[PDB]
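S.K.: Let me give you the structure first, and then I'll get to my questions.
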Amino acid sequence: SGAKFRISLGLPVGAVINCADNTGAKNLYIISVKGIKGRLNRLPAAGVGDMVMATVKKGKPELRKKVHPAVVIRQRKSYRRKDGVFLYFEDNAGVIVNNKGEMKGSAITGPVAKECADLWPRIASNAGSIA
Amino acid sequence: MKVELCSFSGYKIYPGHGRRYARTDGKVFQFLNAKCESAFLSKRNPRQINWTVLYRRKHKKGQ
Amino acid sequence: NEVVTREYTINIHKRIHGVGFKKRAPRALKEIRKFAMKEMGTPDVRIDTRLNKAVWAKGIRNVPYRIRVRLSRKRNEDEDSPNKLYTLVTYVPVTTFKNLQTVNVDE
Amino acid sequence: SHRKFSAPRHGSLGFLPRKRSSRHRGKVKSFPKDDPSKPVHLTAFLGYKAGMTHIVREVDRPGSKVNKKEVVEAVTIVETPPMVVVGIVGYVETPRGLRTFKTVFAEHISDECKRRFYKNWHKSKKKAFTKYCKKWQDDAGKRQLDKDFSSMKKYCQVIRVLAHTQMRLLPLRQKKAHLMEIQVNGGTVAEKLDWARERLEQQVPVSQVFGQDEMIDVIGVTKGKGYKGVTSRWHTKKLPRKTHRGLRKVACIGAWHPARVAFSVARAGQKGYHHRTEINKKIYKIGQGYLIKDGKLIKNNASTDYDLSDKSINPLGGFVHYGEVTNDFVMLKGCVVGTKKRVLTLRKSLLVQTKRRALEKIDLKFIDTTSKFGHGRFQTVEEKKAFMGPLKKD
RNA sequence: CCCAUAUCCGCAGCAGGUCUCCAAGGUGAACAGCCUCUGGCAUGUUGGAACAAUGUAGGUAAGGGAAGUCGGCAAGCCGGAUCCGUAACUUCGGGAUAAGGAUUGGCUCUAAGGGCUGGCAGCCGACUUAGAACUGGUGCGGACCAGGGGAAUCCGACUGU
RNA sequence: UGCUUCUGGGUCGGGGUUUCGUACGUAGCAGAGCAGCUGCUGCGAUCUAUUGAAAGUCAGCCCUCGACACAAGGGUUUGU
Ligand SMILES: [Mg+2]
Ligand SMILES: [Mg+2]
Ligand SMILES: [Mg+2]
Ligand SMILES: [Mg+2]
Ligand SMILES: [Mg+2]
Ligand SMILES: [Mg+2]
Ligand SMILES: [Mg+2]
Ligand SMILES: [Mg+2]
Ligand SMILES: [Mg+2]
Ligand SMILES: [Mg+2]
Ligand SMILES: [Mg+2]
Ligand SMILES: [Mg+2]
Ligand SMILES: [Mg+2]
Ligand SMILES: [Mg+2]
Ligand SMILES: [Mg+2]
């Protein structure tokens with residue numbers, strides 16, 4: 001019910017982010033972002049909690065050469081919360097999911113943003129910690 | 001809102017100041033400003049920086 | 001009391017703030033001369049060659065921030081000049097600038 | 001041929017011409033529509049932009065992610081010392097619009113206000129309103145005044161008051177007061193005049209015009225920025241680095257036909273210093289000024305029900321480039337137009353405020369008073385000294 | 001006498017062209033660049049006040065990293081030296097500084113590397129190399145100087161014009 | 001925007017704020033070691049105390065009313 005607020009978008013189309021799940025992918029290459037209507041000359045961009053379409057560049061041979069739905073769980077670009085806190089992570093990370101938001105893997109490495117955690121209960125259950 | 005303390009200098013951070021840092025290992029740090037943040041990220045020891053709480057406590061300057 | 005002498009501190013730093021490197025010390029000499037007219041109301045200001053030397057002592061761009069100077073209003077001896085008086089600006093070396101007031105000097 | 005890929009035009013054609021405002025003081029283009037059933041009240045006020053800070057508060061927004069939770073919000077501090085009413089002006093509705101009908105000034109007018117009538121106070125003899133003020137001392141002139149007031153009752157339909165600011169209480173260099181007409185909405189026309197006639201030469205605190213949690217409009221002149229190019233003035237795309245003859249330009253300023261440059265194309269010119277009206281700026285706090293009660297100065301106008309520190313709104317070192325706020329102030333959510341020291345016209349809303357955000361009641365938990373002249377990290381000098389310990393100065 | 005950002009040729013006191021000799025200290029491999037002494041000059045056919053736009057020449061940018069564009073154009077990364085290490089292919093010469101790593105300050109010492117005289121003794125010495133401790137907020141080829149790299153296709157052997 | 005209400009702004013000084021990061025000198029039986037004289041004396045990067053020290057801080061930061069002088073001025077026009 002409660003809607004997520006706008007946050008700074010740090011991951012434009014073309015960003016390679018780490019893969020923080022045990023699927024086998026070592027990184028995720030963003031090719032689009034769900035919900036982006038956009039405008040002329042502007043790259044679609046993503047932030048923690050956003051579902052994106054990505055391809056695996058480094059990882060299991062069976063996982064590559066195809067487009068996966070993924071969700072960004074960490075980003076290096078600091079973003080303001082409504083309690084005034086500017087938070088940023090050591091690295092950019094995502095997890096592969098399906099259309100329904102269920103993790104293709106079964107575990108996550110590293111913390112997950114509270115912004116993405118509250119939006120994806122399937123992702124939250126696998127998070128070791130929440131930032 | 002509760003006040004934090006800079007993970008480098010020991011100064012306390014009031015709401016709407018500094019940046020919160022979160023490493024891939026799970027530890028979360030708060031920094032009063034970019035002066036403190038840069039020293040922390042360059043792997044400087046606060047105990048060796050004259051103007052920090054950890055330095056003055058190690059050298060008994062207040063005491 | 002036309003003939004009078006006072007010792008001033010001039011905050012050169014704020015006078016030349018924002019000026020380009022190759023004009024910083026030339027402009028200080030201009031702000032010192034302009035200061036002299038304001039204080040003594042004399043168009044004929046004469047800046048001593050020691051004060052000029054002091055202002056350039058550190059090159060063209062790192063001019064000293066403060067300089068203590070003495071202003072002495074004197075009678076223009078030549079009757080050919082339209083100006084009856086002139087001001088002589090001399091350098092006053094000081095080991096410190098703290099608490100220096102503007103002082104009356106009586107010869 | 002048609003442009004290949006669509007794109008919305010840059011800038012609004014509704015704010016043309018992008019010229020320098022002809023007035024320095026924000027002008028109330030439209031006063032709220034008069035409701036005779038309401039009691040007599042004022043509709044505007046003049047404040048000065050002290051500067052910004054940020055506060056903490058607990059939001060009450062059922063169904064929000066920030067319900068029953070704390071949030072940090074920026075606010076603008078607008079100093080609003082009481083205004084002084086000096087004249088009454090009446091208007092008549094005509095088939096050509098309102099026409100100024102009659103103007104009556106007070107018997108006594110302070111030197112802050114008279115400065116407004118002069119381009120050089122130093123060279124003047126201060127003769128303004130010297131022969132007029134005698135109309136209040138002699139019986140014949142008084143009998144002429146209450147005939148003027150009676151005519152304003154018969155004929156006029158809009159009553160305004162001439163209130164000026166009190167610059168001597170502000171920390172600014174300016175001593176010339178800002179004088180504006182404020183419309184008197186409320187009861188009948190007779191009631192408006194008696195209410196206004198009573199207040200000639202009196203002071204009107206801001207708290208009598210506005211109230212807590214009110215949504216108001218701020219009218220002012222934005223920060224001038226001089227001659228600007230299209231890239232900065234109109235926010236158009238920058239041309240490729242290879243462009244010859246410059247790249248901060250609009251490449252095609254028109255088509256061959258019509259053989260003219262249209263008024264809707266971006267061009268270089270003035271940016272800033274534009275008259276603007278911004279609506280729906282909530283009042284987060286109307287702060288009381290400093291009071292000498294029982295020989296002690298009361299200045300804790302930044303303490304809240306949760307922060308009992310005896311501290312004023314002023315941040316350490318004072319408001320940067322403004323000074324010290326020692327009068328009544330209005331704390332408005334968000335930002336407003338203008339530089340520091342800019343005179344701002346506060347006006348009441350022209351709209352009907354029926355929204356959970358408009359009606360929300362504000363309860364400030366914390367007002368930030370750290371220095372804005374650097375990265376201040378202490379709320380009060382006592383807090384600083386207690387943390388730092390004795391210094392070499394002591 | 002000039003012999004050249006003003007005495008010569010380019011219409012001129014023109015950022016062009018025009019044959020030579022001598023050649024200090026420091027850093028450094030160095031006639032490199034950077035600073036300086038001898039000698040010389042007065043900023044290059046004007047000055048003052050401002051510091052808008054747009055330029056020309058320099059810089060810096062969070063997160064992303066060619067998504068820009070015909071095309072990585074432009075800029076940027078690399079860069080010295082010591083120690084280690086180094087593939088395909090090859091006409092066995094190369095490729096090659098392939099690729100890829102580590103190190104680098106200051107300070108106080110240690111060891112080795114010589115001549116003259118009369119397996120020893122004494123006196124003179126000139127810069128090097130190597131190792132060790134201590135030390136600074138990990139900064140240290142601190143400015144200057146100073147190769148981005150790899151896998152392939154086409155053409156022409158190469159150097160030269 | 002300012003230009004005599006013992007008032008005004010100005011300049012200097014001071015205080016506040018803030019930036020950097022702990023000044024020169026001095027002392028040290030702190031200092032890896034080395035040289036000399038019989039424990040002392042020298043060379044020694046660095047360290048510790050003095051010392052959140054020193055230095056800058058409106059030129060478009062804030063407050064003084066401590067010091068100093070200045071300020072009742074000058075020019076051109078305008079009439080129903
Ligand atoms: Mg495009
Ligand atoms: Mg169309
Ligand atoms: Mg071109
Ligand atoms: Mg600030
Ligand atoms: Mg030049
Ligand atoms: Mg010249
Ligand atoms: Mg010439
Ligand atoms: Mg020229
Ligand atoms: Mg960038
Ligand atoms: Mg970056
Ligand atoms: Mg492309
Ligand atoms: Mg394209
Ligand atoms: Mg290139
Ligand atoms: Mg090769
Ligand atoms: Mg060839």
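We name chains A, B, ... following the order of the structure tokens; residues begin at 1 in each chain, and ligands are numbered from 1 as shown.
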Enumerate the residues of chain B with a DSSP assignment of alpha helix (DSSP H), computed from the backbone, and present them as number ranges by chain.

M.R.: B: 34-41, 53-58

S.K.: Using only C-alpha atoms (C1' of nucleotides) and all ligand atoms, determine which residues fall within 9 Å of ligand 11, then list them as a PDB file with N, CA, C and O atoms (P, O5', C5', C4', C3', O3' and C1' of nucleotides), in the first residue's frame.

M.R.:
ATOM      1  P     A E  66      30.859   1.266 -21.738  1.00  0.00           P
ATOM      2  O5'   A E  66      30.589   2.106 -23.058  1.00  0.00           O
ATOM      3  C5'   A E  66      29.296   2.631 -23.334  1.00  0.00           C
ATOM      4  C4'   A E  66      29.245   3.326 -24.670  1.00  0.00           C
ATOM      5  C3'   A E  66      29.927   2.584 -25.811  1.00  0.00           C
ATOM      6  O3'   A E  66      29.243   2.855 -27.033  1.00  0.00           O
ATOM      7  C1'   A E  66      30.972   4.668 -25.505  1.00  0.00           C
ATOM      8  P     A E  67      27.919   2.043 -27.427  1.00  0.00           P
ATOM      9  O5'   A E  67      26.865   2.418 -26.301  1.00  0.00           O
ATOM     10  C5'   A E  67      25.491   2.110 -26.472  1.00  0.00           C
ATOM     11  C4'   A E  67      24.597   3.050 -25.706  1.00  0.00           C
ATOM     12  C3'   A E  67      24.707   4.523 -26.056  1.00  0.00           C
ATOM     13  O3'   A E  67      23.958   4.848 -27.216  1.00  0.00           O
ATOM     14  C1'   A E  67      24.582   4.226 -23.687  1.00  0.00           C
ATOM     15  P     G E  68      24.636   5.556 -28.484  1.00  0.00           P
ATOM     16  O5'   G E  68      25.296   6.862 -27.880  1.00  0.00           O
ATOM     17  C5'   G E  68      24.494   7.939 -27.419  1.00  0.00           C
ATOM     18  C4'   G E  68      25.196   9.246 -27.646  1.00  0.00           C
ATOM     19  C3'   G E  68      25.564   9.531 -29.093  1.00  0.00           C
ATOM     20  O3'   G E  68      24.508  10.149 -29.803  1.00  0.00           O
ATOM     21  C1'   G E  68      27.472   9.796 -27.735  1.00  0.00           C
ATOM     22  P     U E  69      24.063   9.606 -31.241  1.00  0.00           P
ATOM     23  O5'   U E  69      25.375   9.750 -32.115  1.00  0.00           O
ATOM     24  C5'   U E  69      25.797  11.008 -32.608  1.00  0.00           C
ATOM     25  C4'   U E  69      27.177  10.913 -33.200  1.00  0.00           C
ATOM     26  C3'   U E  69      27.318  10.005 -34.412  1.00  0.00           C
ATOM     27  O3'   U E  69      26.948  10.638 -35.623  1.00  0.00           O
ATOM     28  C1'   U E  69      29.011   9.496 -32.854  1.00  0.00           C
TER      29        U E  69
END

S.K.: Neighbouring residues of ligand 5 are defined here as those with any atom at most 12 Å from a ligand atom, counting only C-alpha atoms (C1' of nucleotides) and all ligand atoms; list them as a VMD selection string.

M.R.: (chain C and resid 22) or (chain E and resid 42 to 44)

S.K.: For the residues in that selection, give me N, CA, C and O atoms (P, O5', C5', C4', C3', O3' and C1' of nucleotides) as a PDB file, in the first residue's frame.

M.R.:
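The resulting file, part24.pdb, is reproduced below:
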ATOM      1  N   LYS C  22      48.656  38.415 -11.782  1.00  0.00           N
ATOM      2  CA  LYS C  22      49.604  39.372 -12.328  1.00  0.00           C
ATOM      3  C   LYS C  22      49.236  40.815 -12.029  1.00  0.00           C
ATOM      4  O   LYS C  22      49.997  41.712 -12.394  1.00  0.00           O
TER       5      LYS C  22
ATOM      6  P     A E  42      64.182  46.626 -24.011  1.00  0.00           P
ATOM      7  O5'   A E  42      62.666  46.543 -23.553  1.00  0.00           O
ATOM      8  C5'   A E  42      61.782  45.594 -24.140  1.00  0.00           C
ATOM      9  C4'   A E  42      60.643  45.268 -23.215  1.00  0.00           C
ATOM     10  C3'   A E  42      59.881  46.484 -22.700  1.00  0.00           C
ATOM     11  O3'   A E  42      58.510  46.151 -22.510  1.00  0.00           O
ATOM     12  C1'   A E  42      60.784  45.309 -20.881  1.00  0.00           C
ATOM     13  P     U E  43      57.509  46.093 -23.759  1.00  0.00           P
ATOM     14  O5'   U E  43      56.890  44.637 -23.664  1.00  0.00           O
ATOM     15  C5'   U E  43      56.796  43.807 -24.812  1.00  0.00           C
ATOM     16  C4'   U E  43      55.926  42.612 -24.535  1.00  0.00           C
ATOM     17  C3'   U E  43      54.712  42.907 -23.662  1.00  0.00           C
ATOM     18  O3'   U E  43      53.623  42.074 -24.047  1.00  0.00           O
ATOM     19  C1'   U E  43      56.063  41.301 -22.603  1.00  0.00           C
ATOM     20  P     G E  44      52.626  42.533 -25.214  1.00  0.00           P
ATOM     21  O5'   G E  44      53.545  42.578 -26.511  1.00  0.00           O
ATOM     22  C5'   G E  44      53.724  43.797 -27.213  1.00  0.00           C
ATOM     23  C4'   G E  44      54.845  43.741 -28.221  1.00  0.00           C
ATOM     24  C3'   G E  44      54.551  42.988 -29.517  1.00  0.00           C
ATOM     25  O3'   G E  44      55.184  43.675 -30.594  1.00  0.00           O
ATOM     26  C1'   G E  44      56.468  42.088 -28.509  1.00  0.00           C
TER      27        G E  44
END

S.K.: Counting only C-alpha atoms (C1' of nucleotides), which residues of chain E come no farther than 10 Å from chain D, as an MDAnalysis selection string?

M.R.: chainID E and resid 52:55 68:69 73:74

S.K.: Could you write out the selected residues, including N, CA and C atoms (P, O5', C5', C4', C3', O3' and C1' of nucleotides), as a PDB file, in the first residue's frame?

M.R.:
ATOM      1  P     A E  52      30.675  38.130 -13.856  1.00  0.00           P
ATOM      2  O5'   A E  52      30.225  37.646 -15.300  1.00  0.00           O
ATOM      3  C5'   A E  52      30.028  38.578 -16.349  1.00  0.00           C
ATOM      4  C4'   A E  52      28.669  38.422 -16.971  1.00  0.00           C
ATOM      5  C3'   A E  52      28.561  37.410 -18.095  1.00  0.00           C
ATOM      6  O3'   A E  52      28.424  36.080 -17.627  1.00  0.00           O
ATOM      7  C1'   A E  52      27.534  39.424 -18.755  1.00  0.00           C
ATOM      8  P     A E  53      29.096  34.865 -18.430  1.00  0.00           P
ATOM      9  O5'   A E  53      28.253  34.783 -19.773  1.00  0.00           O
ATOM     10  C5'   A E  53      26.871  34.471 -19.738  1.00  0.00           C
ATOM     11  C4'   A E  53      26.217  34.701 -21.072  1.00  0.00           C
ATOM     12  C3'   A E  53      26.765  33.885 -22.223  1.00  0.00           C
ATOM     13  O3'   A E  53      26.263  32.567 -22.231  1.00  0.00           O
ATOM     14  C1'   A E  53      26.473  36.125 -22.905  1.00  0.00           C
ATOM     15  P     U E  54      27.264  31.328 -22.360  1.00  0.00           P
ATOM     16  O5'   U E  54      27.791  31.433 -23.850  1.00  0.00           O
ATOM     17  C5'   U E  54      26.890  31.478 -24.941  1.00  0.00           C
ATOM     18  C4'   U E  54      27.598  31.859 -26.214  1.00  0.00           C
ATOM     19  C3'   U E  54      28.963  31.235 -26.424  1.00  0.00           C
ATOM     20  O3'   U E  54      28.919  29.892 -26.855  1.00  0.00           O
ATOM     21  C1'   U E  54      29.089  33.529 -26.895  1.00  0.00           C
ATOM     22  P     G E  55      30.161  28.924 -26.568  1.00  0.00           P
ATOM     23  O5'   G E  55      31.047  29.061 -27.876  1.00  0.00           O
ATOM     24  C5'   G E  55      32.457  28.959 -27.822  1.00  0.00           C
ATOM     25  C4'   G E  55      33.119  30.135 -28.486  1.00  0.00           C
ATOM     26  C3'   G E  55      34.633  30.099 -28.500  1.00  0.00           C
ATOM     27  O3'   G E  55      35.127  29.335 -29.580  1.00  0.00           O
ATOM     28  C1'   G E  55      33.898  32.226 -27.769  1.00  0.00           C
ATOM     29  P     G E  68      24.636   5.556 -28.484  1.00  0.00           P
ATOM     30  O5'   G E  68      25.296   6.862 -27.880  1.00  0.00           O
ATOM     31  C5'   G E  68      24.494   7.939 -27.419  1.00  0.00           C
ATOM     32  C4'   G E  68      25.196   9.246 -27.646  1.00  0.00           C
ATOM     33  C3'   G E  68      25.564   9.531 -29.093  1.00  0.00           C
ATOM     34  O3'   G E  68      24.508  10.149 -29.803  1.00  0.00           O
ATOM     35  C1'   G E  68      27.472   9.796 -27.735  1.00  0.00           C
ATOM     36  P     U E  69      24.063   9.606 -31.241  1.00  0.00           P
ATOM     37  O5'   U E  69      25.375   9.750 -32.115  1.00  0.00           O
ATOM     38  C5'   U E  69      25.797  11.008 -32.608  1.00  0.00           C
ATOM     39  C4'   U E  69      27.177  10.913 -33.200  1.00  0.00           C
ATOM     40  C3'   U E  69      27.318  10.005 -34.412  1.00  0.00           C
ATOM     41  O3'   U E  69      26.948  10.638 -35.623  1.00  0.00           O
ATOM     42  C1'   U E  69      29.011   9.496 -32.854  1.00  0.00           C
ATOM     43  P     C E  73      39.210   7.607 -32.144  1.00  0.00           P
ATOM     44  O5'   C E  73      39.305   9.176 -32.371  1.00  0.00           O
ATOM     45  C5'   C E  73      39.535   9.720 -33.660  1.00  0.00           C
ATOM     46  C4'   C E  73      38.905  11.081 -33.794  1.00  0.00           C
ATOM     47  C3'   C E  73      39.362  12.124 -32.789  1.00  0.00           C
ATOM     48  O3'   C E  73      40.570  12.757 -33.165  1.00  0.00           O
ATOM     49  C1'   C E  73      37.002  12.116 -32.911  1.00  0.00           C
ATOM     50  P     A E  74      41.806  12.830 -32.149  1.00  0.00           P
ATOM     51  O5'   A E  74      41.269  13.694 -30.931  1.00  0.00           O
ATOM     52  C5'   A E  74      40.907  15.055 -31.087  1.00  0.00           C
ATOM     53  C4'   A E  74      40.134  15.535 -29.889  1.00  0.00           C
ATOM     54  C3'   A E  74      40.799  15.298 -28.545  1.00  0.00           C
ATOM     55  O3'   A E  74      41.719  16.312 -28.203  1.00  0.00           O
ATOM     56  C1'   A E  74      38.575  14.527 -28.460  1.00  0.00           C
TER      57        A E  74
END

S.K.: Which residues are near residue D:255? Cut-off 12 Å, only C-alpha atoms (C1' of nucleotides), ignore same chain within fewer than 3 positions. Put them as a PyMOL selection string.

M.R.: chain D and resi 1-3+251-252+258-262+265

S.K.: When you count only C-alpha atoms, which of these residues is closest to residue D:56: A:116, A:53, A:93, A:85?

M.R.: A:85

S.K.: Could you please select, counting only C-alpha atoms (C1' of nucleotides), the residues of chain A within 10 Å of chain E and state them as an NGL selection string?

M.R.: :A and (8-16 or 31 or 41-45 or 75-78 or 92)

S.K.: Taking only C-alpha atoms into account, report as number ranges by chain which residues of chain B lie within 12 Å of chain D.

M.R.: B: 1-3, 5-6, 9-18, 31-36, 51-53, 56, 61-63

S.K.: Give me, as a ChimeraX atom specification, all polymer residues having an atom no more than 9 Å from stretch 3-8 of chain C, counting only C-alpha atoms (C1' of nucleotides) and skipping those fewer than 2 positions away in the same chain.

M.R.: /C:1,10,67-75,85,92,100-107 /F:11-12,68

S.K.: At a cut-off of 12 Å and counting only C-alpha atoms (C1' of nucleotides) and all ligand atoms, what residues surround ligand 13? Please answer as a PDB file with N, CA, C and O atoms (P, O5', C5', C4', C3', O3' and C1' of nucleotides), in the first residue's frame.

M.R.:
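Result file is part_27.pdb:
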ATOM      1  P     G E  71      28.654   5.013 -35.441  1.00  0.00           P
ATOM      2  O5'   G E  71      30.234   5.061 -35.560  1.00  0.00           O
ATOM      3  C5'   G E  71      30.963   3.916 -35.960  1.00  0.00           C
ATOM      4  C4'   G E  71      32.437   4.200 -36.022  1.00  0.00           C
ATOM      5  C3'   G E  71      33.094   4.605 -34.716  1.00  0.00           C
ATOM      6  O3'   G E  71      33.379   3.497 -33.883  1.00  0.00           O
ATOM      7  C1'   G E  71      33.808   6.047 -36.444  1.00  0.00           C
ATOM      8  P     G E  72      32.978   3.519 -32.331  1.00  0.00           P
ATOM      9  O5'   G E  72      33.795   4.744 -31.740  1.00  0.00           O
ATOM     10  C5'   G E  72      35.207   4.802 -31.886  1.00  0.00           C
ATOM     11  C4'   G E  72      35.775   6.084 -31.341  1.00  0.00           C
ATOM     12  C3'   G E  72      37.286   6.093 -31.196  1.00  0.00           C
ATOM     13  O3'   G E  72      37.796   7.406 -31.411  1.00  0.00           O
ATOM     14  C1'   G E  72      36.271   6.240 -29.047  1.00  0.00           C
ATOM     15  P     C E  73      39.210   7.607 -32.144  1.00  0.00           P
ATOM     16  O5'   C E  73      39.305   9.176 -32.371  1.00  0.00           O
ATOM     17  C5'   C E  73      39.535   9.720 -33.660  1.00  0.00           C
ATOM     18  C4'   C E  73      38.905  11.081 -33.794  1.00  0.00           C
ATOM     19  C3'   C E  73      39.362  12.124 -32.789  1.00  0.00           C
ATOM     20  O3'   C E  73      40.570  12.757 -33.165  1.00  0.00           O
ATOM     21  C1'   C E  73      37.002  12.116 -32.911  1.00  0.00           C
ATOM     22  P     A E  74      41.806  12.830 -32.149  1.00  0.00           P
ATOM     23  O5'   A E  74      41.269  13.694 -30.931  1.00  0.00           O
ATOM     24  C5'   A E  74      40.907  15.055 -31.087  1.00  0.00           C
ATOM     25  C4'   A E  74      40.134  15.535 -29.889  1.00  0.00           C
ATOM     26  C3'   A E  74      40.799  15.298 -28.545  1.00  0.00           C
ATOM     27  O3'   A E  74      41.719  16.312 -28.203  1.00  0.00           O
ATOM     28  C1'   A E  74      38.575  14.527 -28.460  1.00  0.00           C
ATOM     29  P     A E  75      43.139  15.923 -27.575  1.00  0.00           P
ATOM     30  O5'   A E  75      42.797  15.412 -26.105  1.00  0.00           O
ATOM     31  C5'   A E  75      42.472  16.319 -25.062  1.00  0.00           C
ATOM     32  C4'   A E  75      41.588  15.678 -24.021  1.00  0.00           C
ATOM     33  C3'   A E  75      42.258  14.697 -23.072  1.00  0.00           C
ATOM     34  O3'   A E  75      42.916  15.332 -21.991  1.00  0.00           O
ATOM     35  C1'   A E  75      40.280  13.737 -23.919  1.00  0.00           C
ATOM     36  P     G E  76      44.255  14.707 -21.366  1.00  0.00           P
ATOM     37  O5'   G E  76      43.776  13.360 -20.672  1.00  0.00           O
ATOM     38  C5'   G E  76      42.893  13.378 -19.561  1.00  0.00           C
ATOM     39  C4'   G E  76      42.224  12.041 -19.373  1.00  0.00           C
ATOM     40  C3'   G E  76      43.151  10.882 -19.059  1.00  0.00           C
ATOM     41  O3'   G E  76      43.489  10.819 -17.688  1.00  0.00           O
ATOM     42  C1'   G E  76      41.684  10.258 -20.793  1.00  0.00           C
ATOM     43  P     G E 148      51.335   6.357 -25.318  1.00  0.00           P
ATOM     44  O5'   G E 148      50.661   4.923 -25.469  1.00  0.00           O
ATOM     45  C5'   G E 148      49.404   4.648 -24.878  1.00  0.00           C
ATOM     46  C4'   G E 148      49.455   3.445 -23.971  1.00  0.00           C
ATOM     47  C3'   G E 148      49.310   2.085 -24.639  1.00  0.00           C
ATOM     48  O3'   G E 148      50.500   1.571 -25.212  1.00  0.00           O
ATOM     49  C1'   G E 148      47.795   2.216 -22.871  1.00  0.00           C
TER      50        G E 148
END

S.K.: Show me, as a PyMOL selection string, the residues that have an atom within 10 Å of residue C:33 when counting only C-alpha atoms (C1' of nucleotides), minus same-chain residues fewer than 4 positions from it.

M.R.: chain C and resi 27-29+37-38+43-47+87-89

S.K.: Go ahead and save the residues from that selection, with N, CA, C and O atoms, as a short mmCIF file (atom, residue, chain, number, x, y, z; two decimals), in the first residue's frame.

M.R.:
data_model
loop_
_atom_site.label_atom_id
_atom_site.label_comp_id
_atom_site.auth_asym_id
_atom_site.auth_seq_id
_atom_site.Cartn_x
_atom_site.Cartn_y
_atom_site.Cartn_z
N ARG C 27 47.84 46.32 -7.81
CA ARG C 27 46.59 46.88 -7.31
C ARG C 27 46.68 47.25 -5.85
O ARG C 27 46.00 48.19 -5.41
N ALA C 28 47.49 46.54 -5.07
CA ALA C 28 47.69 46.94 -3.68
C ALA C 28 48.28 48.34 -3.61
O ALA C 28 47.83 49.17 -2.81
N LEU C 29 49.28 48.63 -4.44
CA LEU C 29 49.82 49.99 -4.49
C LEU C 29 48.72 50.99 -4.82
O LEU C 29 48.77 52.14 -4.36
N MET C 37 44.22 59.16 0.09
CA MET C 37 43.32 60.28 -0.15
C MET C 37 42.16 60.27 0.83
O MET C 37 41.82 61.31 1.40
N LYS C 38 41.56 59.11 1.06
CA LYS C 38 40.39 59.06 1.93
C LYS C 38 40.74 59.53 3.34
O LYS C 38 39.98 60.28 3.95
N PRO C 43 44.87 64.90 -2.82
CA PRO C 43 45.14 64.22 -4.09
C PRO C 43 46.59 63.80 -4.24
O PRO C 43 46.87 62.74 -4.82
N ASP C 44 47.53 64.60 -3.74
CA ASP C 44 48.95 64.34 -3.90
C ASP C 44 49.39 63.36 -2.82
O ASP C 44 49.74 63.74 -1.70
N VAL C 45 49.36 62.08 -3.16
CA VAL C 45 49.87 61.01 -2.30
C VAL C 45 51.19 60.55 -2.88
O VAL C 45 51.31 60.37 -4.10
N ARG C 46 52.19 60.39 -2.02
CA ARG C 46 53.51 59.91 -2.43
C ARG C 46 53.86 58.69 -1.60
O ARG C 46 54.00 58.78 -0.38
N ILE C 47 54.01 57.55 -2.27
CA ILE C 47 54.27 56.27 -1.62
C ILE C 47 55.77 56.06 -1.56
O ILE C 47 56.45 56.10 -2.59
N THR C 87 50.63 63.82 0.98
CA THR C 87 50.73 62.78 2.00
C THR C 87 51.89 61.85 1.65
O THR C 87 52.02 61.41 0.51
N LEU C 88 52.72 61.57 2.64
CA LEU C 88 53.83 60.64 2.50
C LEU C 88 53.49 59.36 3.24
O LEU C 88 53.10 59.40 4.41
N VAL C 89 53.62 58.22 2.56
CA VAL C 89 53.25 56.92 3.11
C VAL C 89 54.53 56.13 3.32
O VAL C 89 55.22 55.80 2.34
#

S.K.: Report, in Å with one decimal, the straight-line distance from atom CA of residue D:277 to atom CA of residue D:214.

M.R.: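 Atom CA of residue D:214 lies 16.7 Å from atom CA of residue D:277.
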